[PDB]
Amino acid sequence: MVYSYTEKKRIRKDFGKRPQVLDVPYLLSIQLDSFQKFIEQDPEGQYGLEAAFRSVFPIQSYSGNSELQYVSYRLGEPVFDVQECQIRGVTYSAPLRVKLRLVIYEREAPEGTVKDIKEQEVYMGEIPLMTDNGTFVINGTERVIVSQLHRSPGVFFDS
Amino acid sequence: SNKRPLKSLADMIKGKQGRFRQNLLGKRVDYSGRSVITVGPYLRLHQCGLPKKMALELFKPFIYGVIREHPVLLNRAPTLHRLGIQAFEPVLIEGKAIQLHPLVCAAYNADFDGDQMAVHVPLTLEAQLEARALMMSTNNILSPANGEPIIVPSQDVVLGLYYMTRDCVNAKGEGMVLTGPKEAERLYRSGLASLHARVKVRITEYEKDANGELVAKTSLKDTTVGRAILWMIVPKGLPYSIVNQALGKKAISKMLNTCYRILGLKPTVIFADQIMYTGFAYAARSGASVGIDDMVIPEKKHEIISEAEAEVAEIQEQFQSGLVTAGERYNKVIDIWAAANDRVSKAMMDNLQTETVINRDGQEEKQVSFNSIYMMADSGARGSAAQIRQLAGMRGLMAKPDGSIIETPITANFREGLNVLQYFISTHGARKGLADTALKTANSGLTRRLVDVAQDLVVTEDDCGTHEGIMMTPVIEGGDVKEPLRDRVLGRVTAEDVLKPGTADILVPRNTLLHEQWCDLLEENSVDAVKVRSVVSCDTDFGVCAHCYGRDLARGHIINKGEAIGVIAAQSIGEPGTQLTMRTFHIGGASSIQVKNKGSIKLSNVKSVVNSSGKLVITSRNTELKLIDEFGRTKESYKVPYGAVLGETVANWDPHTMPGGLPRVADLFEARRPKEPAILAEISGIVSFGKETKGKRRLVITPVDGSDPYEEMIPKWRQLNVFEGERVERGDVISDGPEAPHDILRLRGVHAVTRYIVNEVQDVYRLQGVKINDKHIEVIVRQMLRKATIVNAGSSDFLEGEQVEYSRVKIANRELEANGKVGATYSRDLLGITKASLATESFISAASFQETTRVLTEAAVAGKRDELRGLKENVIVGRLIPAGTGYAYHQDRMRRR
Amino acid sequence: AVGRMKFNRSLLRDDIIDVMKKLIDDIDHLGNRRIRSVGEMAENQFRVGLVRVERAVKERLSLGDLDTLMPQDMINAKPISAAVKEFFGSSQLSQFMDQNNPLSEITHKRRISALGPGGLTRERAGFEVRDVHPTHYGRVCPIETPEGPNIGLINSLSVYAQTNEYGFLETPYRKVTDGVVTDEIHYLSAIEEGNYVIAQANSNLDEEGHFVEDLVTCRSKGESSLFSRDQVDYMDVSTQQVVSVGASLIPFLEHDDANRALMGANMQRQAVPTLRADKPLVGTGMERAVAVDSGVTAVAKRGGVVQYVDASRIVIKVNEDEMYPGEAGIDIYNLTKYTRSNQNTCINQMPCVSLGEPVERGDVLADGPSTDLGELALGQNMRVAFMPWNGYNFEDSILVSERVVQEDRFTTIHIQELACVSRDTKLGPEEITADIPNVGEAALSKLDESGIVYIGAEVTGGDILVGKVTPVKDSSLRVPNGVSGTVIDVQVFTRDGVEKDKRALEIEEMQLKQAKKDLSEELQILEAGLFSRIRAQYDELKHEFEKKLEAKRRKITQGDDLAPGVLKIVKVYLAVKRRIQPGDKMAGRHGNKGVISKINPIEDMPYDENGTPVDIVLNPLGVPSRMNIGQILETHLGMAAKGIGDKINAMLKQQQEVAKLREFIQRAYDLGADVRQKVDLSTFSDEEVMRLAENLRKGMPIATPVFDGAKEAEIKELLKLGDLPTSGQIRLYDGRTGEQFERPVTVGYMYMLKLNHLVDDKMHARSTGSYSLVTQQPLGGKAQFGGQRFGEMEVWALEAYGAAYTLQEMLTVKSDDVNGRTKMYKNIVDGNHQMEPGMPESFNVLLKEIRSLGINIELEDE
DNA sequence: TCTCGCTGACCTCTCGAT
RNA sequence: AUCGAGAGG
DNA sequence: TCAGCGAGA
Ligand SMILES: [N]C1=NC(=O)[N-]2=C([N]1)N([C]1O[C]([C]OP([O])(=O)OP([O])(=O)OP([O])([O])=O)[C]([O])[C]1[O])[C]=[C]2
Ligand SMILES: [Mg+2]
Ligand SMILES: [Zn+2]
């Protein structure tokens, strides 16, 4: 009843009576799924850095007809891997490269077309990366950010 | 910038973390250590295992220029009472952990668990002298809360003593005549005779003569080999009947108490050491072990479960019969499941007790089984009956998410497996058990309020010379005498000469301490009730005296001048709640009157109506039922509910339908006012009952012998039923309801209110199995009754009705009567412990306790002055307290030059 | 979006009006609370940084410019970086990971907290939030909660629990159609499962899947009641669905009360890994999953044949089907070796494979801490005797045989990191050179020419590791006191612009040369295969190899971003082995715990008829007082398992044909009333059977799933097969006297754990030292070398005793009386001890604070 | 008489960030 | 020092 | 939070 080579070396005697129909899932699947939703590219602005950008990216003067935009974003390769991040005592993070765009329209001429569009790629801070074990390396110390149990948004009636 | 609000100047004075409670009441000290504690069975009571690593540092200035000449103080973290700090003589040991004596574990609540204790070094010569004379573990034989010994064999020692002294049928070596205990030991060691063999031994015993001399008595007694061997460590002066029985925890406790009463201090500590050694040795030799087969599952449970399930199914008759309301259904389900639980517990206990059938010399006799679980149970070492029935019977009912109980039962024990549903149900009880020690301990930590309300009292004089006292009566509420008259009167002076049944003959003259011999003499008489000198009716001003107090429970004899009785009383009252809330998780989160003897039906304070049938139905709300036998009135007290109808059954009612513990103790100590009570004010004898057009029916009560009447307003809605209740006593019940302690005081008296408070507190304490002496509650009540309002002062300096210290009013009245003036009349006021502590003369104590900003504002605007006469003030200003050793210095300070 | 969905669902759907209409016409329920993980919180912090950047952009662009406005100057990355750095490092939910063992890490990563920003408060929380709810079933473990103020608020995820798209916890259930259970699985949330009636896992089923019993126990609407087959809609997927990962590791959990199960689940997390990981003889079968998913064990990414084996590294030759077209075909697994932990324990990886052994995907190649052949091994199997022994196991205490200490079964390695930081100072008072003023010749020779200590040197208390002098008083880093160990690693950190001393250059370049040699060897190992293939673009491969080597060298030589004001940081790692002694906390998996009180000689321990003594002696009185019968059942089952292992070992000692071993092991695996496991040895080869028997010679491991474990009859049968009494109790003889104990004593093997509560870490003793500034009182910590707090309750105790002088000296002479302390120390040292207590400085502080409030408080003389 | 602020709710250890 | 997060009793 | 407390309305 042992197929893996590791288990074939020493098979544990199982006294269980109930057949197993669903195998135990990955124990750290919650952290991996959460950070993968946060990091991975989202075609829609529903989850992650994409949804975060669609919130306050259009910063502009009031009725100035010149707004700041962007096209996409990309996460670079980390300078150091986990082991030497722990050794050096530095955060294991990946630089964030975002391509922003700016549009210029005619002054007091909304009917006229946009005068010019300026797009350029800009570095925006360091985003810490989570290792394969679901943990974070911050300042050379290995850290875990636990999930939070908070009341679901909405309306409830209680006394 | 930080999220938390900035701490202002007042925040550094008030609160738990303020200057007072964090730096003046409690300081960090030098010469202190800490480590884990391990068990040393080789230690004596005055000894503990102190690692050399600590001793090199703690005694470093002493080393520069010692372990035996200088004791040390061991201290556990809670320190619920005084015995949480004790003095030991240290013996240097290798390693890091501290070796603690097994006997002081109960006093410290210590346990070899990962638990830790602190070490303190008395530096000055006086500190060492007081450590040796007061805080030594050898001087701490008796508990301060009650005269019971605090060091007691437990666990392994109890099991060893219970194994030695138990007997077996047809054991090896039965029936042989022995020349003494030494021969019994020789046959045991040689393997010729068993330890449980019923033999006949020649025992020489000593009993104290009239002059106190020891005279020997030699006789052949039917005993066992184990009891004979055990007799060798029993000191001279005790009867052989102490060991001639299967010794449980209670038996060993009683034996130690008897040894202390007869012989004294040093014989008691030597006897305790010998008992511990013998118990450890013979528990090791016994080879007692726990196994899965030791738990026997009776076949009666498999039928009791079905009976209870059918009972509840019938009780909930498909919700179509009616009366399936949530209040009635839940109560009846709980009652049925509790009945099933106790039935199964009894069945399993009965199966375990006589599980052993032993073949005698040609006879198949039956005896008490030697089952391991049972031997751990009745010995009383560790393991309650609830835990045992959880193991081998059922788990029963569990704690609800709310304060209530689960409707569904676990219907399974722990030897058999539990379903996941049943385990999920029991998780609720687990959460409740851990939450009680996590959060409810704050409610107990009541203790601080009791400490501060009473910390000022110190025994100041030998005796008042007064004659007032309080009635002492047994408690027979539960069908048996829970508190005999000996327990109430022991170690307390007598205010009035106790007279023998009849007249002109007095068994006990007044002003004599009722010790064990006097209590035995009183028990020789068939009936006795003694008026005992109390502390609430104490004529001493600014303190209490020894005679009105009684005997020092820890030291046995009469209390000395200088003892801080208030702190001891507060600790004794506050410990049991704290200790019992912690031990809640140990459990695991789990209609008629019948008399002992038949006879004619008697009643007291009963009003009843004739039913349609011949049966009598009670109408009064408060009715007591007591039976009389063919010889005398039977000694029980029972309560007959409103709707009740009347080994003989003499009462019947339905508890479900009428046709808290520490919260209750706090309510009693805070002098809470119930809404309902309405009782007569002044003894008159005539109630006018005049017709009044007002909605609230008005009652005018006019004296037979007095001209001035009294008028009261009695709302009809608030008090539906009103009685006559005339001139029996000022305070007679006019309307049904829980009596208010303030009204009870004002109308009946200080003694009556003290009796009410003491009884109501002790009922709650006794329901949980706690035993505390009544003098502590009397001290607390005395602290409650300290303020008086001077109505119609007359020649006194008091202005109109203002709250004033009762001692000041009494002193002023005495001075005026010396000069001939009339003096000031007053009425005693009942104040809760919080309010009474906040109303003290000293503002430093009040500021340290609570309400720091308000107390400081009052003292500042009023320009108050603190004389620093109490314990807390001298602790804060870092001087000698006016108690114990510093009492003489403080008296010298008061007398000045 | 989840909020809008909840708002629509609650009102069965101007928005403010509809709320009032239903108001005129349980919060702890799961449907009202959702899970917020690290990703969503990081997104929220990014939103905060981004709105700050947007405000800055609006402020900068309000001026307006023609062709002078670009994306660069408008935005700034400083606020976003600051916000994310604050979140990762200072947030309440960003916690220092528990790294005692793999189970602790798993529990921490699966932890759920009700506290945190936008959440509850522990002191404000009541009993309703802290109690178990009918919706906790399968989503949150009811057993595992903290024992302190955080009870009920801090919770652990169940084994099978997930989160849906909206963030609500859900559980898997087996769909029941037409009275037969169907293998398809539907995940249901609390509000979704409330409608349905769910059968129990403990429901007997036939071969076709129909329920055996006519009436099947179920639950509905938060209550459990008996149901017929027709109404059943869903069934539990497993018996472990409710317990968490930590609670599912306890064998025979249904025989314990939930209190002791909680205690065991918590104490499994403080278990310290030992020298050798020892598998649990009695287990559940979740050890492999925990060990694999913890990530402490090297797991073969691709299946292949092992090519190189070493303590430090393992090389796998990937199979032909698993190699990428551009891949050379070599997988290298470097192993962690003696690295410090968060809790100062040791992390070690040891290979569990041999050269040439075939390996498939997912196989364990190295064993992390507390892991034995891919199985979690938190402790050591110990032979326990439940019997009192002269009071040395009196009150929950534990007595340990000296053979346990001799065999180093519970010896643990603890690594301590010490750092020496040199800071910039004007006029150059601080020195870092090896030569220091007033330094002993032996101490100077202990350190290298660079001023740092040699790797591998034994250091005791009061020895300098790194040499430093500052004005010049010696600022050299030294071990504080007492702590002793060996220098296993030294790390030197210098910035890119920080000046490097030649001796410091020597040490740093030695370390960098070692790292570069390791990197070059690792690169050449993979390049050898490509070079051999080319022999059968050599210049291009050589150029690529040189470029990779240069990049690795540049990365190694890249200066570290040191904090401003400091030049160099030298870190010294000390490793020491802690041996068990009286005072060390020991515990099992069933809530039982204790402290070793005596190390008993081997001959004094109780021994069997065969002369084999027991290792651990436990008081039997602790078993029935508590409700942990699971420990007794595990003891019996471990005795049976060790009996089977002893029979196998006996057949191995005298040469026996493989047929007999195969027959016995097949009989042992086939034993049981009805077990799903069917181990067939006929499939195995002779060498495989011999290796299995070699692994089983120390005891056959047993798996007992929670709420599905072995029955008593099966344990008795296993005891029978091993030629052991079925009662589980054997006749023991006293070692000191040779006299048989009068009653049979249960003896078996229980899995004992060593907790991170060593007595040497806890033993402390202070005579005198530093005092606080605001109040002249001793400090308040062992690290600060402070005294013990003499709280108010202890003052009450001394008042009750009447110990006036002891209380006075503790209040004044031992604290807050500066003149009193100064005179008392001289009096004690001189031998003639007299004290004159004075006013505590804290009272003067109180007086000054009250006077600063505007209230005049004074000391009236008379 | 009833809202309405104001008051109240042991010891020890580890870690990092300010 | 303070705060946050844990842990032991 | 959850009580209990007196003092304004
Ligand atoms: N003030 C205060 N607040 C608290 O929250 N806790 C305290 N004290 N303790 C102290 O520690 C004893 C119980 O701990 P434990 O683990 O030994 O439990 P236990 O039942 O006695 O024995 P066991 O663990 O073997 O089952 C208890 O009295 C007390 O002094 C524990 C918690
Ligand atoms: Mg303990
Ligand atoms: Zn008196």
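Sequential numbering from 1, following the chain as shown.
Going by what the header records, the deposited coordinates were determined by electron microscopy, 3.1 Å.
Using N, Cα and C of the backbone, Cβ positions are placed for all residues, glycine too.
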Swiss-Prot Zn(2+) 2 site partner of B:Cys464, B:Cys545, B:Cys548, selected from B:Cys519, B:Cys538: B:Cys538
Swiss-Prot annotation, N6-acetyllysine - which of B:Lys14, B:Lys626, B:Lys675: B:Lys626
Proximity to chain C among recorded positions B:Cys464, B:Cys538, B:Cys545, B:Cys548, B:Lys626, where any Cβ pair is under 8 Å: none
Least buried by Cβ count (within 10 Å) of the binding-site residues B:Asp111, B:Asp113: B:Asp113
Residue among binding-site residues B:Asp111, B:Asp113, B:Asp115 with Cα closest to the Cα of B:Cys548 (Zn(2+) 2 binding site): B:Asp111
Top Cα neighbour of B:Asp111 (Mg(2+) binding site) in the set of recorded positions B:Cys464, B:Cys538, B:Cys545, B:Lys626: B:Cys545
When distances run from the Cα of B:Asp115 (Mg(2+) binding site) to each of the recorded positions B:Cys464, B:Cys538, B:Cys545, B:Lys626, the nearest one: B:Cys545
Binding-site residues (B:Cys464, B:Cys538, B:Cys545, B:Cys548), the one with most neighbouring Cβ atoms at 10 Å: B:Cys548
Closest of B:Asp113, B:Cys464, B:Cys538, B:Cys545 to B:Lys626 (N6-acetyllysine), Cα positions, binding-site residues only: B:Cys538
Length of the line joining the Cα atoms of B:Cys464 (Zn(2+) 2 binding site) and B:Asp113 (Mg(2+) binding site), in Å: 50
Secondary-structure category, per DSSP, in which B:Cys548 (Zn(2+) 2 binding site) falls: helix
Protein Cβ atoms within 10 Å of B:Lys626 (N6-acetyllysine), excluding its own: 18
B:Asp113 (Mg(2+) binding site) versus B:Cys545 (Zn(2+) 2 binding site) - Cα distance in angstrom: 43
Neighbours of B:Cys464, B:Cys538, B:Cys545, B:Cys548 excl. site residues, C-beta within 8 Å of centre, Zn(2+) 2: B:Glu461, B:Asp463, B:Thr466, B:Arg533, B:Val535, B:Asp539, B:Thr540, B:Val544, B:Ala546, B:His547, B:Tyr549
Where B:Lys626 (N6-acetyllysine) falls in three-state DSSP terms: strand
Secondary structure at B:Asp113 (Mg(2+) binding site), reduced by DSSP to three states: coil
